[PDB]
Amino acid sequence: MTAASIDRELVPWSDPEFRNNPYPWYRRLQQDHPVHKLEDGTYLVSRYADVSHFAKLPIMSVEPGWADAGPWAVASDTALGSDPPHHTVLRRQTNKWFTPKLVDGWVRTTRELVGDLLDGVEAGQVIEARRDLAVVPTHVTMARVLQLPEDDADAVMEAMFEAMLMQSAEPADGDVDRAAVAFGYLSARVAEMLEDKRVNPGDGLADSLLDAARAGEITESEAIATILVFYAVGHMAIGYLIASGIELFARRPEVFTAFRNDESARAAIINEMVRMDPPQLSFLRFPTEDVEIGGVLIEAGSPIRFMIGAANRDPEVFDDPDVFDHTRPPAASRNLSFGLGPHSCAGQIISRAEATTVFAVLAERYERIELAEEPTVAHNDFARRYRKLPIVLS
């Protein structure tokens, strides 16, 4: 045995079966190696109590990983790659556009587009739900908040699929070059859109970010990067959650019937979907001083990968963690899928309302969702993805 063969036994990042369902390997990792140092120097932290306490500490920086991330170093000029104090100012620029009463307006776009798609079908028609119920409605919702052209969902989704390959812990040969191609496309399309906006300003979130850079609250590079990331990821993790929830309502029709029959249960159904199938499985921090976790001394500047998916199945927190149950008590009703601490997801309020909206419009019209064929997926060790989800509604 070697350190490398031990790591492959515990977390075979490239293995198709581990990509399709990592949860059996997470259970072993969490039981026997809850703070595990990989041969590359990354520490894997997988117990809920340890991720929830340590990952949000102020000593946990987000700067080093994104700064060294090649094509992804665009995130250094956003909240995702910025520490406080300037992190607070970058987040106020977007948080102020996604308060609950503003989100109630933005998700009218999601409702209108789902209603258009459903009005157009014949009875028994196969709907490709990944594009038509998840990616297009969410892309256009966010493009309309930004006040950017809304017609490019398919190329933006292809670009982001290519850009996410290199976020694997074991990128394939060529994956960093695929991300440079993808970001080259998105940066050129955003530059063309913002040149049009300079000449003809509107009053959306992209104009608010450009005004904040002109006022000196953020830099021009931070305005442009934040517009690019909200535009490009508006469809992505939220499109995965909507497709995952549609597959759950087909495989477990009694959950869709409960969603139909009890409005007061709808948030908790969605949150149980989110606990069980997080679209992002982990995230990195780099502590600014030495820190002991699980009796292991981690030196300043080491990479710590907090394993969200593994934590969300911790039987110290959730009884029968592999069973879907939307009636868990208040102390076992929350999860780490939108992160925590200052970098908790800047899309959380709009994402929960977009999923609520797509599921509510389907429940207004239909009693049952069925899979027309098995779904086609393209998961890796970092991010989950559907390629195709053909369904029939009745």
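Each residue number is its position in the shown sequence, starting from 1.
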Given the B-factors recorded for C-alpha atoms, which segment has the greater mean, 351 to 359 or 33 to 41?
33 to 41
Is the mean CA B factor in the deposited entry higher across 194 to 202 or across 215 to 223?
194 to 202
Looking at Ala49, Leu340, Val62, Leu57, which one carries the largest C-alpha B-factor according to the PDB entry?
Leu57
Given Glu247, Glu292, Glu272, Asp83, identify the residue with the highest C-alpha B factor in the PDB entry.
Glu292
How does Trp72 rank on Cα B-factor within its chain, lowest, middle or highest third?
highest
Assert third(CA B-factor, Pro137) within chain per record equals lowest
Is the Cα B-factor recorded for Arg111 in the lowest, middle or highest third of its chain?
lowest
Sort the modelled residues of this chain by their C-alpha B factor and say whether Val126 lands in the lowest, middle or highest third.
highest
Ranked C-alpha temperature factor of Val392 among modelled chain residues, by third:
middle
